[PDB]
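Sequential numbering from 1 applies to the sequence shown in PDB author numbering.
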Amino acid sequence: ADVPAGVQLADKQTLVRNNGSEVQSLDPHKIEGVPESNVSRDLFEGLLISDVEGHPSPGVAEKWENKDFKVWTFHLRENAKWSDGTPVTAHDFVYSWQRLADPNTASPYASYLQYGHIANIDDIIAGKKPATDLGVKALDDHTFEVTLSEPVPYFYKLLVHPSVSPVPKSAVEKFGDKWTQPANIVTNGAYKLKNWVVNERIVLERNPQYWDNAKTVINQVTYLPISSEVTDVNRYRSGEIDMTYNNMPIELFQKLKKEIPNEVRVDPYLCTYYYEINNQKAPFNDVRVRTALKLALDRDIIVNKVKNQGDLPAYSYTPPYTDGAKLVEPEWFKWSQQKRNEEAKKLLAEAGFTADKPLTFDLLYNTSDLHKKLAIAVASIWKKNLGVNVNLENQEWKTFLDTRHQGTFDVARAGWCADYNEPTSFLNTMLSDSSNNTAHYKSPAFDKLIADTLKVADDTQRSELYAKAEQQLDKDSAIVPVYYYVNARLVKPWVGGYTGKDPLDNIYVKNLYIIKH
């Protein structure tokens with residue numbers, strides 16, 4: 001942390017953060033969510049990290065170069081160490097990205113190496129080539145070189161993501177899936193794992209071996225797994241919680257706005273809230289059905305009347321304020337709701353849905369006040385605007401992700417947040433073979449538009465193809481865009497260092513500090 005001149009610090013430097021839910025795991029190769037990444041950033045540090053405002057900055061790599069945006073050489077700082085005191089080296093990285101590529105890891109983020117276009121990743125995911133063939137090599141203990149199959153100018157921006165964080169081979173190999181237990185884990189970020197009580201708390205303690213330890217100020221941070229936004233606000237206002245999770249409850253937000261204005265942080269956020277449709281299951285494999293639901297959902301009601309927390313009605317997957325996005329707002333978004341509603345009902349009648357045999361299906365969401373309340377209004381809206389019947393189902397975060405990967409669903413509440421600030425961070429997740437593709441959407445035309453983005457060396461060219469890829473996605477009604485999020489959470493007046501300027505919300509506890517109160 002960079003403490004401002006003259007701020008007086010508290011004696012006690014401890015932080016309690018709500019984290020939305022029980023993390024799927026602490027293994028960087030086994031995770032895919034915001035809660036998983038919150039804790040990962042404090043424990044495992046990659047090549048680059050986001051600074052306090054989100055800019056890609058030095059992590060384990062102190063400086064790097066590229067040759068034609070295809071061969072990237074990372075110079076690793078020499079004092080980078082793990083919590084057992086042993087050096088962090090380029091060999092750590094080679095082993096880790098290899099472990100991520102390997103199909104026997106079954107990482108949900110295995111496709112991240114495709115997104116970066118590391119050489120040979122497609123045959124490695126496919127089983128055609130062993131993982132040791134990945135285009136990565138340690139030139140020496142402090143020099144890691146990456147070779148891509150094509151120029152990727154924004155490549156280094158991908159490197160702040162948890163999936164490309166180093167994992168310590170000797171803990172993984174001797175303890176298997178128990179490597180992340182506190183007695184077995186070894187970490188290289190600012191913190192170390194002190195305690196892990198499933199559905200109770202995760203307690204991190206400062207890691208003295210961390211290379212930038214001298215600037216770390218919080219000595220201990222606890223991550224809570226509270227999925228009730230009401231309860232998180234409640235324990236924040238009671239004094240137990242210092243920073244809530246950034247999901248706000250409908251029951252209390254307006255009141256909070258009026259009661260504690262200074263503590264309500266409302267900032268730009270590159271996430272999109274959508275109802276993810278299972279594109280390979282009947283009757284959702286019929287574009288008419290999918291378009292009816294997209295059009296009959298009333299964004300003005302959901303976003304401005306029922307949520308009203310500063311979100312913006314959405315008409316696409318990629319957020320339009322993403323760096324490099326110049327999106328075409330479709331015609332249906334400008335229509336009246338009644339015109340959307342008529343159109344939606346017409347397509348369903350063409351799909352053969354009658355009043356005697358209505359369209360009835362499930363709507364899966366992750367346990368949450370916010371999502372339950374939005375789910376009930378959507379159900380109602382869809383019921384009165386289109387005549388469809390919806391059955392609401394909640395699941396704990398972990399089970400919920402796993403249901404969506406399984407394809408054991410109809411429609412599911414979803415949210416995708418950028419991993420790096422560029423449109424492919426969203427668009428790559430819809431590629432036919434993406435490991436992130438829980439929509440189970442396969443469009444050859446969609447795939448080709450995105451494959452062409454790196455065959456041109458023009459920004460305008462590349463934004464126009466992103467724009468066309470969003471239109472293809474909208475043409476197929478792959479999803480139901482609801483709103484672009486804002487980052488809204490409560491932060492105690494004494495928490496210094498949360499600027500609200502990173503649009504990915506990549507917060508590190510090593511950059512925070514408690515002001516004396």
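Every residue gets a Cβ at the ideal spot worked out from N, C-alpha and C, and that includes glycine.
Among residues of its own chain, excluding the 5 on either side of residue i, which ones have a beta-carbon nearer than 8 Å to its beta-carbon?
{"i": "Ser50", "result": "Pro56, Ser57, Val160, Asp502, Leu504, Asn506 and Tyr508"}
{"i": "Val136", "result": "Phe93, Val94, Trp97, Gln98, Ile118, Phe144, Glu145, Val146 and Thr147"}
{"i": "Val306", "result": "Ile250, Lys373, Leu374 and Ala377"}
Tell me whether residue i is buried or exposed, calling it buried when 16 or more other Cβ atoms sit within 10 Å of its Cβ.
{"i": "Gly59", "result": "buried"}
{"i": "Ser238", "result": "exposed"}
{"i": "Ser432", "result": "exposed"}
{"i": "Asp459", "result": "exposed"}
{"i": "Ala282", "result": "exposed"}
{"i": "residue 520", "result": "Because the chain is modelled from 1 through 517, residue 520 falls outside the range shown and cannot be assessed."}
{"i": "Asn285", "result": "exposed"}
{"i": "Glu53", "result": "exposed"}
{"i": "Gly33", "result": "buried"}
{"i": "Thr322", "result": "buried"}
{"i": "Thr132", "result": "exposed"}
{"i": "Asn120", "result": "buried"}
{"i": "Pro358", "result": "exposed"}
With H, G and I counted as helix, E and B as strand and the rest as coil, what does DSSP make of residue i?
{"i": "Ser165", "result": "coil"}
{"i": "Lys12", "result": "coil"}
{"i": "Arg17", "result": "strand"}
{"i": "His91", "result": "helix"}
{"i": "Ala292", "result": "helix"}
{"i": "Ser96", "result": "helix"}
{"i": "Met248", "result": "coil"}
{"i": "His75", "result": "strand"}
{"i": "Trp64", "result": "strand"}
{"i": "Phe361", "result": "strand"}
{"i": "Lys129", "result": "coil"}
{"i": "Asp452", "result": "helix"}
{"i": "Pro481", "result": "strand"}
{"i": "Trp335", "result": "coil"}
{"i": "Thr86", "result": "coil"}
{"i": "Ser316", "result": "coil"}
{"i": "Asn262", "result": "helix"}
{"i": "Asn366", "result": "strand"}
{"i": "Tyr466", "result": "helix"}
{"i": "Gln309", "result": "coil"}
Give a yes or no on whether the C-beta atoms belonging to residue i and residue j are separated by under 8 Å.
{"i": "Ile450", "j": "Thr424", "result": "yes"}
{"i": "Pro249", "j": "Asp474", "result": "no"}
{"i": "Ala377", "j": "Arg340", "result": "no"}
{"i": "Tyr223", "j": "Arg201", "result": "yes"}
{"i": "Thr403", "j": "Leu363", "result": "no"}
{"i": "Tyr275", "j": "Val486", "result": "no"}
{"i": "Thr360", "j": "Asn389", "result": "yes"}
{"i": "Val495", "j": "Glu240", "result": "no"}
{"i": "residue 538", "j": "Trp211", "result": "Past the boundaries of the shown model lies residue 538; the chain is included only from 1 to 517, so the question cannot be answered."}
{"i": "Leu256", "j": "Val264", "result": "yes"}
{"i": "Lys398", "j": "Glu22", "result": "yes"}
{"i": "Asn437", "j": "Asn394", "result": "no"}
{"i": "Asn219", "j": "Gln8", "result": "no"}
{"i": "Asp447", "j": "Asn278", "result": "no"}
{"i": "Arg413", "j": "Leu347", "result": "no"}
{"i": "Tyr112", "j": "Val164", "result": "yes"}
{"i": "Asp419", "j": "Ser443", "result": "no"}
Can you find the residues in the same chain that come closer than 6 Å, C-beta to C-beta, to residue i, ignoring five residues on each side of it along the sequence?
{"i": "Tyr95", "result": "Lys169"}
{"i": "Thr453", "result": "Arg462 and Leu465"}
{"i": "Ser83", "result": "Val186, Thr187, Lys192, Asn207 and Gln209"}
{"i": "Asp369", "result": "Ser228, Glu229, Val230 and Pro249"}
{"i": "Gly85", "result": "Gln209"}
{"i": "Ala344", "result": "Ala292, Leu295, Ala296 and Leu386"}
{"i": "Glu36", "result": "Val23 and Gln24"}
Beta-carbon within less than 7 Å of residue i's beta-carbon, same chain only, minus the 5 sequence neighbours each way: which residues are those?
{"i": "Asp140", "result": "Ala90"}
{"i": "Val456", "result": "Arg462"}
{"i": "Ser316", "result": "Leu327, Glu470, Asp474 and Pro481"}
{"i": "residue 550", "result": "This structure leaves residue 550 out entirely; the chain is present only between 1 and 517."}
{"i": "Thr105", "result": "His29 and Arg99"}
{"i": "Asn511", "result": "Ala1, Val52 and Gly497"}
{"i": "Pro153", "result": "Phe69"}
In terms of DSSP beta bridges, what is residue i paired with?
{"i": "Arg206", "result": "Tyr191"}
{"i": "residue 563", "result": "Residue 563 is absent from the structure shown; the chain starts at 1 and stops at 517."}
{"i": "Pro268", "result": "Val486"}
{"i": "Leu297", "result": "Per DSSP, none; premise fails for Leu297."}
{"i": "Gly496", "result": "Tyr513"}
{"i": "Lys137", "result": "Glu145"}
{"i": "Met243", "result": "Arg17 and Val491"}
{"i": "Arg235", "result": "Paired residue(s): none; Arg235 is not in a bridge."}
{"i": "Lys257", "result": "According to DSSP, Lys257 bridges with nothing at all."}
Would you say residue i touches the ligand MG, meaning its beta carbon is less than 7 Å from a heavy atom?
{"i": "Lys257", "result": "Absent from the structure shown: the ligand MG. Ligands present: none."}
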